[PDB]
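Order-wise, the sequence lines are chains U and A.
Okay, so the first sequence: first residue is 21 according to UniProt numbering, each after it adds one.
When the letters of the second sequence are read in order and numbered with UniProt numbering, they come out as residues 387 to 413, 416 to 428, 431 to 480, 483 to 584.
Idealized CB from N, CA, C, for every residue including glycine.
Some notes on the structure that comes next.
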Amino acid sequence: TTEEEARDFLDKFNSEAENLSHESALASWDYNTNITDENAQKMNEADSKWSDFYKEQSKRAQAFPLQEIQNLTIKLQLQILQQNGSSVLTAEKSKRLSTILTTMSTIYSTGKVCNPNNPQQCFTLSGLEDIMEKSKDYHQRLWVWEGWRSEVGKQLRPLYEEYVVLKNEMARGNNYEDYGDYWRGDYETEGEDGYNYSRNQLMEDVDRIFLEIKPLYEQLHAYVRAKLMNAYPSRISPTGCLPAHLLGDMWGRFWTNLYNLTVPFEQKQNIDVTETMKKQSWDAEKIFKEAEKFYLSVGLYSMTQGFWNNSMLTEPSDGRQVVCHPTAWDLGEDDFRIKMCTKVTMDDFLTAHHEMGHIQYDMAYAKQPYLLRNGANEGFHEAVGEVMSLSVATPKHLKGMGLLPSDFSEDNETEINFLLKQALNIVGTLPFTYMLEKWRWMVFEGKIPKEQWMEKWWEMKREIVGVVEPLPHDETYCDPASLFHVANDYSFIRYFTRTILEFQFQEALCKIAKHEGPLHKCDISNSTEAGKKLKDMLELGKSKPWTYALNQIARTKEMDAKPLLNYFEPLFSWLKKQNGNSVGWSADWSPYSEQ
Amino acid sequence: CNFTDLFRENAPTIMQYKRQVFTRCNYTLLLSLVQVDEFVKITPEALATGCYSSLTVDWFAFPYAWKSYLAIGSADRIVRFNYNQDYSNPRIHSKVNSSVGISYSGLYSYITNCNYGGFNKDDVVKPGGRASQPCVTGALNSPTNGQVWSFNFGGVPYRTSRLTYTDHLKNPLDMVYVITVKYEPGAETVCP
Ligand SMILES: *[C@@H]1O[C@H](CO)[C@@H](O[C@@H]2O[C@H](CO)[C@@H](O[C@@H]3O[C@H](CO[C@H]4O[C@H](CO)[C@@H](O)[C@H](O)[C@@H]4O)[C@@H](O)[C@H](O[C@H]4O[C@H](CO)[C@@H](O)[C@H](O)[C@@H]4O)[C@@H]3O)[C@H](O)[C@H]2NC(C)=O)[C@H](O)[C@H]1NC(C)=O
Ligand SMILES: *[C@@H]1O[C@H](CO)[C@@H](O[C@@H]2O[C@H](CO)[C@@H](O)[C@H](O)[C@H]2NC(C)=O)[C@H](O)[C@H]1NC(C)=O
Ligand SMILES: *[C@@H]1O[C@H](CO)[C@@H](O[C@@H]2O[C@H](CO)[C@@H](O)[C@H](O)[C@H]2NC(C)=O)[C@H](O)[C@H]1NC(C)=O
Ligand SMILES: *[C@@H]1O[C@H](CO)[C@@H](O[C@@H]2O[C@H](CO)[C@@H](O)[C@H](O)[C@H]2NC(C)=O)[C@H](O)[C@H]1NC(C)=O
Ligand SMILES: *[C@@H]1O[C@H](CO)[C@@H](O)[C@H](O)[C@H]1NC(C)=O
Ligand SMILES: *[C@@H]1O[C@H](CO)[C@@H](O)[C@H](O)[C@H]1NC(C)=O
Ligand SMILES: *[C@@H]1O[C@H](CO)[C@@H](O)[C@H](O)[C@H]1NC(C)=O
Ligand SMILES: *[C@@H]1O[C@H](CO)[C@@H](O)[C@H](O)[C@H]1NC(C)=O
């Protein structure tokens, strides 16, 4: 009778959890759209009510052991609740870990770097990021990059070192080998037949993807190097790695700001629809209404009346201050909202659809039990939104919406510029994500001595992404922690996963749509078969293993890079013609070793 | 034509301004009874005489010093959420002596902000049209300090704020009378 009692328990939990979730989500939404000292405390108190509830219910959940229960639906919901987390640690260790997390976050957020050649000038991180994405001055770029690492990396290293040990002890308390293993568990699923995925299997598939994407990256790297070598003459070897501070990114994650240096065809113009929208007198209302039609044309869900009346879709003129950053909200009780400050710009024409795509997924699994109201994997949540975003960006859609001339067509030079711009955001970001996630995993696992944490980080970076730091760090430095998602407790594999899933989903939906052509020309709208198939997967949430949810679209059990390589197939061929024998890089090169 | 109500005790606010249409009646005296400070398409001397299809006058309390943005070309809050004067059918600023029953009791206010829906659309006044009731109701329930409050009317969320001009109290006060004359031929029912 354990399962029967567990079922009654979960139904009671889910009912109260929804009511408390609504109060907290609403208080948070109201605060973000109305910043007042009166709303501030209000939101927290609402959050605490849910938290106190969740922990009391956690203790109750542990009265229903998973070994005795046979129904997988019940086991999954209880498994979510039956987690001690930090409550495996003593009061001193629990409080100490919380203190360290707050401290590391603060050091990053309030960090600044001052100009070594003029003490009068100093910039906060926001100003330093602005320099990295814009400046072409080798010197300015160098002192801001170096300074950031010295100013925060040397304050966080000690905190992160103690943070690691404490996170590992916590994970042991929760029956994991280490904290890396704890995070790997987010991909672990229990089930029968072939629908079973292990924590160690995650590592193996990740290595496999890296090797499959690797040759596309090697072609992109040689091309980018060949062009940056002229932009920064005598600073980069014909064969070798790229300087970290010249990647257009403070942390070397994205290469998108290099597009202007690495553009395939300089004489060609890109497509910018902003001018058309202004001439046609578009509003924010037009952008969102068209976003709804896009999804109706795909064959998914309409928006509710509450969505249109309550969401904050544009910045107010009232005088109240608001938070501007695109977020999809789910307040419970079928209350779905999008928060953003929409302008009549081509970028927002893609963002509105992206956020709308998050809502489409959130609505789809609304029929699931409270605890299972999530994506099959965090990678699915984001990957689905991105696939829909690409479908909208595709010129065929823009023509359909009346945003392009009927006499407009693309040549094979335009396609190359488009694909490379995409590659700088999609391909150049992958071996980075892989490298950094793997390094931390080894740190938490305990495969690297503390004194060697830094040395392994840069050796991996030279071999995996081909990026080098111009001035050596003795060891006291902790460069990884200079990034938001390392100083704070965040995982990066989801981003590696998000990208691969995006392409697996895009390709699968294209064949259903019967698109006889390249994936960068393929759209998903006006194919209700593709819409229905996508509906079926989105609806599942966490009631099924992500391997099941993946199979429902891509007919596979695991991650697969082939769809990505397919998308960029014509780019790959062009890059070969440009790169010749320069493909790949020498990991033995470093600016410091030049003299 | 009976104009008693134009200089009567119950001076209105703009948010709830008053108007009276005159027809089939005989209308200089109105200008003699009050003290005029200024005159602003039709020449006021041409307005003062002749036969009209209809004559419609609206009036409300309003500081003389604020006349700068009551005029056409203004995009002030005093135009869009307050009073949008129509100009399709071709404005006297005056003060009223305490010797004339002009009680001017209560508080005199106006709407500064009023919008709704997910796009924060401004519920602006049509020419010759009062502020929307949703705007009026939100303003009545506003703190009067200018803080914007949330209201919900018919299920539709609104944002509204109110301010006053009840500090501008002189014995003569400050009032504005706007006379619009419809000169359409074939009617001519309002004559001197
Ligand atoms: C941005 O965030 C702020 C902070 O929360 C919001 O401010 C609140 O707005 C609500 C209205 O939405 C206010 O509620 C009303 O309070 C009136 C009483 O005001 C006096 O007393 C309060 C203390 O309780 C003082 O703070 C205030 O200064 C006054 O001295 C009530 O009379 C109102 O009653 C109405 O609603 C009830 C509903 O049950 C009906 O029964 C009544 O008949 C009547 O219709 C109402 O309760 C609230 O007091 C404001 N808080 C503060 C601190 O001032 C902003 O509205 C929000 N802005 C936006 C755009 O979201
Ligand atoms: C959370 O921690 C408690 C201990 O504070 C765990 O309960 C113990 O489990 C062991 C192993 O089965 C038993 O020998 C002890 O007698 C239990 N103690 C109590 C007070 O029940 C609990 O299992 C942990 N829960 C999870 C999900 O890790
Ligand atoms: C790449 O070059 C383009 C110009 O072709 C830059 O676009 C300009 O950006 C500024 C803002 O800094 C705008 O004020 C201009 O109006 C833009 N010009 C055009 C024609 O749109 C673009 O910013 C450059 N990329 C980078 C990373 O610097
Ligand atoms: C883009 O397409 C054009 C047109 O097909 C290609 O240019 C042709 O290349 C062949 C092979 O050398 C020549 O015989 C033709 O005379 C060329 N036509 C013109 C108008 O120049 C071009 O090479 C293609 N570019 C890429 C990168 O594939
Ligand atoms: C598991 O529980 C669900 C209700 O949450 C029920 O519909 C399903 O039939 C049960 N499965 C088995 C095998 O009992
Ligand atoms: C979908 O079909 C409609 C006609 O019903 C057409 O107007 C629209 O442009 C098509 N969508 C695309 C992306 O071509
Ligand atoms: C108002 O009162 C003053 C002072 O007695 C007087 O001079 C003026 O003529 C009066 N104006 C009107 C319109 O009655
Ligand atoms: C807003 O919601 C109400 C129901 O409360 C509905 O009648 C109205 O049509 C909706 N308005 C819009 C613009 O969606």
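- One finds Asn507, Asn512 and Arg551 in chain A with Cβ atoms closer than 8 Å to the Cβ of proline 336 of chain U, taken in chain order.
- Nearest CB-CB separation between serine 331 of chain U and chain A: below the 8 Å threshold.
- For the set A:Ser420, A:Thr446, A:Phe511 and A:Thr504, the Cα lying nearest the Cα of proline 480 of chain A is the one of A:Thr446.
- When CB distances to chain U are screened at a threshold of 8 Å, not a single residue of the stretch 438-461 of chain A falls below it.
- Around the beta carbon of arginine 410 of chain A, a 10 Å sphere encloses fewer than 16 other beta carbons of the protein chains shown; the residue is thus reported as exposed.
- Cβ atoms of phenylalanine 504 of chain U and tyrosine 587 of chain U stay farther apart than 8 Å, at about 29 Å.
- When C-beta distances to chain A are compared with 7 Å, the residues of the stretch 307-328 of chain U below that value are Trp328, in chain order.
- Secondary structure of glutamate 197 of chain U (DSSP, three-state): coil.
- Within the stretch 418-465 of chain U, no complete beta strand (DSSP E) segment of 3 residues or longer occurs.
- Chain A has no Cβ within less than 8 Å of the Cβ of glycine 600 of chain U.
- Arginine 161 of chain U sits buried, since 16 or more C-beta atoms from the chains shown fall within 10 Å of its C-beta.
- When U:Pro263, U:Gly420 and U:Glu375 are compared, the shortest CA-CA separation from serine 317 of chain U is found for U:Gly420.
- Apart from sequence neighbours up to five positions away, the residues of its chain that approach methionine 557 of chain U with a beta-carbon distance below 6 Å are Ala569, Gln572 and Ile573, ordered along the chain.
- Looking at the DSSP output, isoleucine 358 of chain U sits in a beta bridge with U:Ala348.
- Looking at the DSSP output, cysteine 583 of chain A bridges to A:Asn412.
- Shown here, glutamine 572 of chain U sits in a helix according to DSSP, grouped into three states.
- The nearest non-hydrogen atom of ligand 2 is less than 7 Å from the C-beta of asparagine 104 of chain U.
- Distances between the C-beta of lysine 306 of chain U and the heavy atoms of ligand 3 are all 7 Å or more.
- Near ligand 8, residues with a Cβ at less than 5 Å from any of the ligand's heavy atoms are U:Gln325, U:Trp328, U:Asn329 and A:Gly547; the list follows chain order.
- The contact set of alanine 304 of chain U on chain A, defined by CB atoms closer than 7 Å, consists of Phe511 in chain order.
- Membership of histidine 401 of chain U in the alpha helix (DSSP H) is indicated by the continuous run 398-413.
- CA-to-CA, the gap between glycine 211 of chain U and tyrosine 252 of chain U works out to about 54 Å.
- In the pairwise beta carbon analysis, the stretch 302-317 of chain U is classified as touching the stretch 355-368 of chain U: at least three pairs are separated by under 8 Å.
- Of the candidates U:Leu418, U:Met462 and U:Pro425, the residue whose Cα lies closest to the Cα of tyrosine 199 of chain U is U:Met462.
- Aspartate 515 of chain A sits in coil when the DSSP states are folded into three classes, being neither helix nor strand.
- With 16 or more other CB atoms across the displayed protein chains lying within 10 angstroms of its CB, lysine 359 of chain U is buried.
- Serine 613 of chain U is classed as exposed because its beta carbon has fewer than 16 other beta carbons within 10 Å across all chains shown.
- Annotation for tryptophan 594 of chain U indicates a beta carbon within 7 Å of some heavy atom of ligand 4.
- Among the residues facing chain U, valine 469 of chain A is not included, as its CB has no counterpart in that chain under 8 Å away.
- By the CB criterion at 8 Å, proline 519 of chain A and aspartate 476 of chain A fall inside the cutoff.
- Looking only at U:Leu186, U:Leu591, U:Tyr279 and U:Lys552, the smallest Cα-Cα distance to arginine 116 of chain U is reached by U:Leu186.
- According to the DSSP assignment, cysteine 542 of chain U belongs to no alpha helix (DSSP H), since it is labelled neither H nor E.
- For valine 540 of chain A, the C-beta contacts it makes with chain U under 7 Å involve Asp338, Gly339 and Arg340, in order along the chain.
- Close CB contacts of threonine 496 of chain U within its chain, under the 8 Å cut and outside five residues either way in sequence, are with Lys174 and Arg177 (chain order).
- With contacts defined as CB atoms closer than 8 Å, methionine 401 of chain A and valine 528 of chain A qualify as a contacting pair.
- Among the residues facing chain U, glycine 547 of chain A is included, as its CB has a counterpart in that chain under 8 Å away.
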